[PDB]
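Below: one structure, written as structure tokens.
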Amino acid sequence: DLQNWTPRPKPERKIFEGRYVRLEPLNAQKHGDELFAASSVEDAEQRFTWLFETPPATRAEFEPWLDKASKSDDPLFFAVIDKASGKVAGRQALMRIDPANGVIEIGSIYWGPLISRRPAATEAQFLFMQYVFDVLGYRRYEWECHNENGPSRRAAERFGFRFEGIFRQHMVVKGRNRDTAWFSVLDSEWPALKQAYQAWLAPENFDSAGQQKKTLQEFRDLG
Amino acid sequence: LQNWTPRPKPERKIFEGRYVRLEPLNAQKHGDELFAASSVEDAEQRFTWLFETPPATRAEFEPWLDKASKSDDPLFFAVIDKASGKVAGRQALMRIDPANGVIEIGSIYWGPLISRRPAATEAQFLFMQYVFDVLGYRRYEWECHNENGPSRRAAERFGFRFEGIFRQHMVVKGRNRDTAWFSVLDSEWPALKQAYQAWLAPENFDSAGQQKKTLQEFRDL
């Protein structure tokens, strides 16, 4: 197939609608107030530890980052809207976009308390992965995080990304060394992942308290 | 790293060694000699894993040469073999990250005047010294096609440490490329510098031009 390979399309500012979550292209006027709220919760400092940004101290102080992020084409930012509340719950981006080789990254992730460790967060990831493979036809979908960011590494593994390696001294972030852990999902890996996510996200998989009956790793194991 | 700042960008300057001289690539100055070196009998084998194909004619070489001469990233240098006096190959500093002090040595073409001779090792050394002792960078990268055995071996010999393979990283010349990644850290450089100095010293080569000890032997010390 690869002798005829040509560049794939660039990602677009599209709306993505799921059962638990909605993704909207980030817009300062539409999302600014609620994203500020999400980004300035009581434990925002802890939540932002490994991110490139620090939490905004005031709404006015948030505006410059918000405007740059809303206008940016790479990273391409989306607000993550929790459907149950209708509120912006976080943000994420498609980034390091390489249409020529069909390679792209999900990064710039902040999933706040409304969605963190709930089905909405898993579906936010899923909707990007689905778009990247089924619509854009990319070959390689990346996750990178600080190697010391345990929750992010475990999130990547749970999501089905495969570890590739650690770039030693890859960055300096907030006055500290960052070795970067890299993981990927290949186009050949996507179809089995898609089935496992769809099974996990199904309303059948959540009891009346909203608690999962089986985990995402369990469904992936089941094949 | 509380005090860490962005580092300077690399600049077009001349780097003068014992065996090799690196000059900022210039179409008029280097084009005819570099084309000659790039159209040697085994140019096809030498270009296999490069992004470029070997140039069939001087005219057909001009677009790549002009673009490479003007490029700021990759930032290209002609590799002049001092003994012969000829342009013998080319190489670049690339994927320049001043904020984090990360940079790659890449787009390496070393022709038969210097490949597997001390000049090639020195060509690598002069970039490595510039990156660490002058620019103050903290991570120096090498990447290649995973099936490029000679490049993987060269990176390991030169002291770069394997970090991993990016699967399906590129499509190159109609085929899949998984990319193998290697690095040298600033913390590793002072000891590595000494090993290169020992290896490149004239005293390490006998009257027949053969090394007495290998680069890897000096690195073990």
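Computed from heavy atoms alone, side chains included, the values below leave out hydrogens, waters and symmetry copies. Below, chain A is the first sequence line, B the second, and so on; all start at residue 1.
Side-chain atoms of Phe133(A) and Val185(A), non-hydrogen and from C-beta on, do get closer than 4.5 Å to each other. Residues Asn26(B) and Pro24(B) fail the side-chain proximity criterion, which asks for heavy atoms closer than 4.5 Å. Two residues are said to be in side-chain contact when any heavy atoms from C-beta on lie closer than 4.5 Å; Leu35(A) and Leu26(A) meet this criterion. For the pair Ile105(B) and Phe160(B), the minimum side-chain heavy-atom distance is below 4.5 Å. Side chains of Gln130(A) and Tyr197(A) form no contact here, defined as non-hydrogen atoms less than 4.5 Å apart. Using a 4.5 Å heavy-atom cutoff, the side chains of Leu66(A) and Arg59(A) are in contact. Two residues are said to be in side-chain contact when any heavy atoms from C-beta on lie closer than 4.5 Å; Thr5(B) and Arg7(B) meet this criterion. You'll find the side chain of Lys83(A) reaches within 4.5 Å of the side chain of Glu17(A), heavy atoms only.
Side chain of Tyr131(A) to backbone of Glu12(A): a donor-acceptor contact under 3.5 angstrom is found. The backbone N or O of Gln212(A) lies less than 3.5 Å from no partner atom in the side chain of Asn205(A), so there is not a single donor-acceptor pair. The backbone N or O of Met129(A) sits nowhere less than 3.5 Å from a side-chain atom of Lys194(A) that would complete a donor-acceptor pair. Side chain of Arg46(B) to main chain of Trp110(B): a donor-acceptor pair is present (N/O by atom type, distance under 3.5 Å, no hydrogens or angles). Not a single donor-acceptor pair under 3.5 Å links the side chain of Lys174(A) to the backbone N or O of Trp50(A). Of the possible polar contacts, one joining the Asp179(A) side chain to the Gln169(A) backbone as a donor-acceptor pair under 3.5 Å is found. At distances below 3.5 Å, at least one donor-acceptor pair connects side-chain atoms of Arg91(A) with backbone N or O atoms of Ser108(A). In this structure, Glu123(A) contributes its side chain and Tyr20(A) its backbone to a donor-acceptor pair below 3.5 Å. No side-chain donor-acceptor contact under 3.5 Å links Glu23(B) to the backbone of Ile80(B). In terms of modelled atom types and a separation under 3.5 Å, the side chain of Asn146(B) and the main chain of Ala180(B) share no donor-acceptor contact.
Summarising the geometry of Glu34(A) relative to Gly86(A), their closest heavy-atom pair is OE1-O, 4.0 Å, with the distance given to 0.1 Å. Here the closest non-hydrogen pair linking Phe47(B) and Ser38(B) is CE1-O, 3.8 Å. Listed here is the closest heavy atom pair of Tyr137(B) and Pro10(B): OH-CD, 4.2 Å. Closest approach of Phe61(B) to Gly31(B), counting heavy atoms only: CE2-O, 3.9 Å. Taking all atoms of both residues into account, the shortest heavy-atom contact from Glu60(B) to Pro63(B) is O-CD, 3.4 Å. The nearest pair of heavy atoms linking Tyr110(A) to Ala38(A) is OH-O, 2.6 Å.
The CG atom of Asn176(B) sits 6.5 Å away from atom NE2 of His145(B), with the distance rounded to the nearest 0.5 Å. Residue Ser151(B) holds its OG atom at 6.5 Å from CD1 of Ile108(B), rounded to the nearest 0.5 Å. The distance from the CZ atom of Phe163(A) to the OG atom of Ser184(A) is 11.0 Å, given to the nearest 0.5 Å. To the nearest 0.5 Å, atoms CG (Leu22(B)) and CD1 (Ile14(B)) are separated by 10.0 Å. In this structure, the separation between CG on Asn101(A) and NE2 on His169(B) is 7.5 Å, given to the nearest 0.5 Å. Taking OG of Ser85(A) as the reference point, atom CD1 of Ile115(A) lies at 9.5 Å (rounded to 0.5 Å).
When ring centroids are compared, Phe166(B) and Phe167(A) come within the 6.0 Å threshold. Less than 6.0 angstrom separates the ring centroid of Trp65(A) from the ring centroid of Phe77(A). The six-membered or imidazole ring of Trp199(B) lies away from that of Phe218(B), with a centre-to-centre distance of 6.0 Å or more. Aromatic rings from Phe183(A) and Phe159(A) are positioned such that their centres are separated by 6.0 Å or more.
Salt-bridge check for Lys9(B) with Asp72(B): failed, with every basic side-chain N at 4.0 Å or more from each acidic carboxylate O. Between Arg167(B) and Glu189(A) there is a salt bridge, with a side-chain nitrogen of the basic residue lying less than 4.0 Å from a carboxylate oxygen of the acidic one. Ion pairing of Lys213(A) with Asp207(A) is absent here, as no side-chain N (NZ or NE/NH1/NH2) approaches a carboxylate O to less than 4.0 Å. Between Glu144(A) and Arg178(A) a salt bridge is recorded (basic side-chain N to carboxylate O distance below 4.0 Å). For the pair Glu157(A) and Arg153(A), the salt-bridge criterion is not met [side-chain N within less than 4.0 Å of a carboxylate O].
Classification of the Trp190(A)-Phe126(A) ring pair by plane angle, with boundaries at 30° and 60°, yields tilted.
Within the cation-pi definition used here (under 6.0 Å to the ring centroid, within 45° of the axis), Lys13(B) qualifies as a partner of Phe15(B).
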Test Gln216(B) against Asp220(B) for side-chain hydrogen bond (donor to acceptor under 3.5 Å, both in side chains), laying out the working first. CA-CA 6 Å; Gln216(B) 295 98 326; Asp220(B) 267 14; over 6 Å; no

Should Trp182(A) and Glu163(B) be marked as a side chain to side chain contact (heavy atoms under 4.5 Å, CB included) after you check the CA-CA gap, both sets of side-chain angles, and the distance that decides it? CA-CA 10 Å; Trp182(A) 288 98; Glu163(B) 287 179 337; over 6 Å; no

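Environment of NZ in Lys87(A): sparse, with no more than 12 heavy atoms of neighbouring residues, nucleotides or ligands closer than 6.0 Å. The environment of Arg96(A) atom CZ is dense: over 12 non-hydrogen atoms of other residues, nucleotides or ligands sit within 6.0 angstrom.
Considering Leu127(A), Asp82(A), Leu114(A), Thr122(A) as possible partners of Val21(A), the one that fulfils the side-chain contact (heavy atoms from CB on, under 4.5 Å) test is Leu127(A).
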